[PDB]
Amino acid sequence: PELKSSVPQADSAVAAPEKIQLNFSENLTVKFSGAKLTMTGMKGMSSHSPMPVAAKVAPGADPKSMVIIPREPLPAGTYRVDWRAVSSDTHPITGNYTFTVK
């Protein structure tokens, strides 16, 4: 299980996304996978108070992907995506990346 790509792309600066797409190299065992979203920075906020962002995860149209749908608006700021992917091998793989909302 390896992350092939993501939308938003890592280290990118884009308009608030309607959803976050994570595309992996193998078919996901979604019941054992997951992801979380955190707002690590925002104008007017301290640099030491990261805010978790409520979100829901759903299986993608492509079985090698999953999508994160935020349950709250995404203010301009910096975000971190933490993910956990598991395939038929049943061996958890984790990773993370950051992107900015402008």
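One-based numbering along the sequence shown.
For the pair 88 to 96 and 13 to 21, the mean Cα B-factor is higher in 88 to 96.
Per the deposited record, the Cα B-factor of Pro50 falls in the middle third when ranked against the other modelled residues of its chain.
In the PDB entry, a CA B factor belonging to the middle third of its chain's modelled residues is recorded for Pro75. Looking at the C-alpha B-factors along this chain, the one for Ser65 belongs to the lowest third.
Per the deposited record, the Cα B-factor of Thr40 falls in the lowest third when ranked against the other modelled residues of its chain.
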